[PDB]
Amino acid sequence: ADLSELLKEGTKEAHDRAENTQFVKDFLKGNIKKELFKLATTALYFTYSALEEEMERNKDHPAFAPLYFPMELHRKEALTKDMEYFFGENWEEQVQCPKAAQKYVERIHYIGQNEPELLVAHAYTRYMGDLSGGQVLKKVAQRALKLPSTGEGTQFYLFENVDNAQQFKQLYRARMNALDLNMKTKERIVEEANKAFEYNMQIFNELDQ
């Protein structure tokens, strides 16, 4: 079957575990105060910074190059703005990567440097979720925190260079299923995605405390 298919089925339960953590629920209800939201944005910054560094490094690698979309997908810049908006211009001296997130960052660097054919598992669990879910999460954060409607602190959640999010998701999926992969590597990808989803849950749990 198709890689995108194995991932939708092989990760549904890990995706749901992550989706049902106490952090996520109180997020969707508007009950996450500013300081916790900043800590969560801090974790997105180090996480996406590592992931996009590894995708840049492997931008020509045949098992990944078709999915390299810096203009459409990359989040480091938008996350830099949000960090500047919440912390001030000296933000980098003020933050430190959360410990659970440091474990995800280490995993991302390992994959991009030793098994780049697995990098797709990490881009899928992050960017495809962000594309379809974005605008919903954006408004919740703007309300709960009285964020300016001009978009400050919330730019992570807007993909300005993607004009039809459900259309880009199709393009991305089509390219993924066209990758030259045997069934061995494909199910490696599927369990690497489950790995990634569990890393997300570990970060949500560290954030709940």
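Residue numbers here begin at 1 and follow the sequence given.
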query: Of 48-56 and 139-147, the one with larger mean CA B-factor; finding: 139-147
query: Stretch exceeding the other in mean C-alpha B-factor - 130-138, 117-125; finding: 130-138
query: Chain thirds of CA B-factor: placement of residue 30; finding: highest
query: Residue 170 by Cα B-factor - lowest, middle or highest third of the modelled chain; finding: middle
query: Modelled-residue ranking by C-alpha temperature factor, third containing residue 40; finding: lowest
query: Lowest, middle or highest third - CA B-factor, residue 181; finding: highest
